[PDB]
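This document contains two forms of one protein chain, each encoded as structure tokens and listed individually as structure 1 and structure 2.
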Structure 1
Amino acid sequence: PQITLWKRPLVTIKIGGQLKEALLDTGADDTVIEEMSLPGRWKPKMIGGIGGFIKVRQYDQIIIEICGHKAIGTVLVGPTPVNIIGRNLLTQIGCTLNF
């Protein structure tokens, strides 16, 4: 699709068998999802936000759909204002900025 930016680019994702709302965020290196259960081992990850740094949990090779597009990749879990689809997964699904 082509998504304009007059409103927040909120889409439906599917992760852990559940539908959630998430923001397509080109300003985020990484994908960050609100607290939920994910399988496997996790590792620590520091992310740098506009207001400071925060530690979150990194899970790898997680199945996730974005706008119905299937992906598998790294998902961070922590206290994000909204679910964030960052560049790691945007690149995977072939998302670009255009003007």
Structure 2
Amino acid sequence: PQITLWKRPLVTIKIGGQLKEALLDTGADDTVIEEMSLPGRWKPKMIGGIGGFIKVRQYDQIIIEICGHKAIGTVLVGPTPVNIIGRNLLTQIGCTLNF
């Protein structure tokens, strides 16, 4: 699709069998999703703030579908108020900015 930016680019994603709303965020390096169950092993990570602010779980190789487009990569799972699809995943779905 082509998402215009008059509104926030919130889209439906599918992750862990669950449908969620997520922000397509070109300013974000990585992808953080709200607290949920995923089947992997994970690694504890700290993100945000000045050297880490919130504990998140880093799940590698996660299949996620973003508007019908499948991608796999690292998803951080934590108390984020906003599900954020960062560039790590935007590149996997072949997402570009265009004007």
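Shifts are known only where both forms have a C-alpha. Superpose the two forms; the largest set of C-alphas matching within 1.5 Å is the rigid core. Numbering for residues begins at 1 and runs along the sequence of structure 1.
Visitor: Taking the rigid core as reference, does residue 45 move its C-alpha 2 Å or further between the two structures?
Guide: After core superposition, the C-alpha of residue 45 moves 2 Å or more between the two structures.
Visitor: Superposing on the rigid core, does the Cα of residue 67 end up 2 Å or more away between the two structures?
Guide: It does not, since the residue 67 C-alpha is displaced less than 2 Å between the two structures after the core fit.
Visitor: State the core-superposed CA shift for residue 85 between the two structures, in Å to one decimal.
Guide: A shift of 0.4 Å.
Visitor: Where the core is superposed, what shift in Å does the CA of residue 55 undergo between the two structures?
Guide: C-alpha displacement of residue 55 between the two structures: 3.5 Å.
Visitor: Fit the two forms on the core and write out the ranges of at least 3 consecutive residues whose every CA moves by 2 Å or more between the two structures.
Guide: Run with every C-alpha shifted by at least 2 Å: 44-55, nothing else.
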